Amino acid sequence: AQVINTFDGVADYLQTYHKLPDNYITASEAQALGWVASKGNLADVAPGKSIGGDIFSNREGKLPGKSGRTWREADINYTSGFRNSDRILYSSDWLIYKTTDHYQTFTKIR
C-alpha cells in the first residue's frame, strides 16, 4: 500500500480501522532492523517506514487523562533522514491530537 503519513490520512485511518497504517513500525521493531537513531538511517534499513505505535506516557498531563486510557504516538510527515517535530497522538478510546512543535502544544483533531 502507498504510504499514509499525513495528519489527516493517519487520523482518518486510526479512527476508521483502529490501527495505524502499515508504513509504521515501533521503535523496537525499527531497532531490530538496525535503526540507529543518531545515524538517521531509518529509510535505509526500512524503506517507506515511519516510527509509530509506541506508548505516549502523557507525563505532563497536556492530553486528557482518564482511568484506563493509554496514549500512543506516531511520526507525521517523515520520509527519511533524522526525525522531525510532528507527531500524531491517539488514545485507547480513539481521541486524536497532534503536535507540530515537538510536544509544546497539542491540537485535538478527532
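When you see a residue number, it is the position in the sequence shown, counting from 1.
Novice: So 77-85 or 39-47, which one's hotter by mean CA B-factor in the entry?
Specialist: Averaged over C-alpha atoms, the B-factors run higher in 39-47.
Novice: Report the stretch with the higher mean CA temperature factor, choosing between 20-28 and 91-99 on the basis of the entry.
Specialist: So the stretch with the higher mean C-alpha B-factor is 20-28.
Novice: If you check the C-alpha B-factor for each of 6, 107, 104, 2 in the entry, which is highest?
Specialist: That would be 2.
Novice: Using the B-factor values recorded in the entry, state whether the Cα atom of residue 64 falls in the lowest, middle or highest third among the modelled residues of its chain.
Specialist: Middle third - that is where residue 64 ends up once the chain's C-alpha B-factors are sorted.
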